[PDB]
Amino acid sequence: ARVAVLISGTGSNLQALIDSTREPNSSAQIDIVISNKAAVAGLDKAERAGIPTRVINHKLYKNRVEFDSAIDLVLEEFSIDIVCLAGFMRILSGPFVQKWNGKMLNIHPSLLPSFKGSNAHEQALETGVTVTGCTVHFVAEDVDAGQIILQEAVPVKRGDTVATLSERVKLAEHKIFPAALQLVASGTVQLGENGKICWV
């Protein structure tokens, strides 16, 4: 499968995915890395891996849909089959999400449906769970309300902060995200006609 990876910052998930798709049995191929914010470290790990990078600036488009279309042009230019959101902090418009329905994966640092949204670790710590984790799911029009592919639980140690909790969750992210991509690229997992996760 031809894969695009959309980032916004560090790209430690991107790096984790790069490492796995370089493996001989990878069903996946990272053909383009797109970022909405220039001069972010994800663009380096990508360039350091010899992967084309493209910066599309959401702040330069009048419409959110004009902005998604900028991305789809590149997705079609690179003949992409699968889109991985790896730290991408822009909500996509309905038609774009509909177009890539069942072809777009996201990594979210909670055990969904818990702690939907942008400050999941903050939420988890205020609530006081002792177990959190991360989730790979399909992007649906309901933000973080798509079909789950993989999940890994991670412990909340006492005295944790966003800094430490998120350090620990990210190690799990770096496992289930490559795994999930491989599941979808290989066609082992798909989005069933009934709209639930379908194993094959």
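For every residue, the number given is its place in the sequence shown, counted from 1. Take the two forms, superpose them, and find the largest set of C-alpha atoms that agree within 1.5 Å; that set is the rigid core.
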After superposing on the rigid core, the stretch whose C-alphas lie farther from this form in 9 other deposited structures of this protein, comparing 57 to 65 with 40 to 48, is 57 to 65
By Cα RMS to this form in 9 other deposited structures of this protein after fitting the core, the stretch ranking higher of 124 to 132 and 76 to 84 is 124 to 132
Stretch with higher mean Cα temperature factor, 8 to 16 vs 21 to 29, is 8 to 16
Stretch with higher mean Cα temperature factor, 117 to 125 vs 86 to 94, is 86 to 94
Max C-alpha B-factor within the set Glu167, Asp142, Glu173, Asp160 falls on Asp142
Note to self: of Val156, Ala153, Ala38, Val136, the C-alpha temperature factor tops out at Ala38
Tertile call for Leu60 (CA temperature factor, within chain, third-based) is the highest
In terms of its chain's C-alpha B-factors, the third that includes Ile197 is the highest
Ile51: CA B-factor among chain residues, third -> middle
Tertile call for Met104 (CA temperature factor, within chain, third-based) is the middle
The third of the chain into which the C-alpha temperature factor of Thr132 falls is the lowest
